[PDB]
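1. missing the sequence, but the structure's below:
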RNA sequence: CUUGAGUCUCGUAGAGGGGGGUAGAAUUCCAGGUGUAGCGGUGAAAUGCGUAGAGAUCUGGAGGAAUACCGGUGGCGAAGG
């Protein structure tokens, strides 16, 4: 038996479609993609994307 | 005496008052789903909120307060309003 592949041969969902809900808040920005029924599938933030209080409120921090 | 003053007829606009009712919108709160480690507050944060499952997103339920637009040096009330 040889060594295994570098990248996965299979993937557990393929839901194709969703809605990005943004709460661009006065001190931060929070972005969440949810399926069309509003059950959330995955998310990320300004402040969690490597910015503290002083930077997390900017469109450049939100862009990331 | 009718001219001041008063009165009815009649035309008429009004967020004027008191009593009651109502629709939708929203901030909040509760439950639960989905999801997953972030959230928050300031000049900076700190205090504070999270993984005992937050934030964000969906749906059910709950409360109490107030009427966005219209809106104008506009209209109405003795003034307070």
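-> Cool, got the structure. Residues are numbered from 1 along each chain as shown, chains lettered A, B, ... in the order given.
2. Contacts for stretch A:32-48 next, please.
-> Contact with stretch A:32-48 is made by A:15, A:17-23, A:28-31, A:53, A:56-58, A:61-62, A:64, as judged by Cβ atoms under 8 Å, 6 or more residues apart in numbering. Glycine gets a C-beta too; all of them are placed from N, C-alpha and C.
3. Near RNA strand B, list only the ones from those.
-> Contacts with RNA strand B within the contacts of stretch A:32-48, as defined by Cβ under 7 Å from any atom of the strand: A:21-23, A:28, A:30, A:53, A:56.
4. Pick out the most distant pair among the residues you listed.
-> The span of those, defined through Cβ to Cβ, is set by A:21 and A:53 at 23.1 Å.
5. Between the two, point out the one with more neighbours.
-> Set residue A:21 next to residue A:53 and count neighbours by other Cβ atoms under 10 Å: residue A:21 wins out with 13 against 9.
6. Which of the three states applies to that one?
-> Under DSSP: H, G, I helix; E, B strand; the rest coil, residue A:21 falls in the strand class.
7. contacting residues around it?
-> A:31-34.
8. Mind giving me the PyMOL select for those residues, buried ones only?
-> Buried subset of those, written as a PyMOL selection, criterion 16 or more other Cβ atoms under 10 Å:
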select buried, chain A and resi 31+32
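9. Same list (the contacts of residue A:21) but as a markdown table, adding distance to residue A:7 and secondary structure.
-> Formatted as a markdown table, those follow (distance: Cβ to Cβ, whole Å; DSSP: H, G, I helix; E, B strand; the rest coil):
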| residue | distance to residue A:7 | secondary structure |
| --- | --- | --- |
| A:31 | 26 | strand |
| A:32 | 27 | strand |
| A:33 | 23 | strand |
| A:34 | 27 | strand |
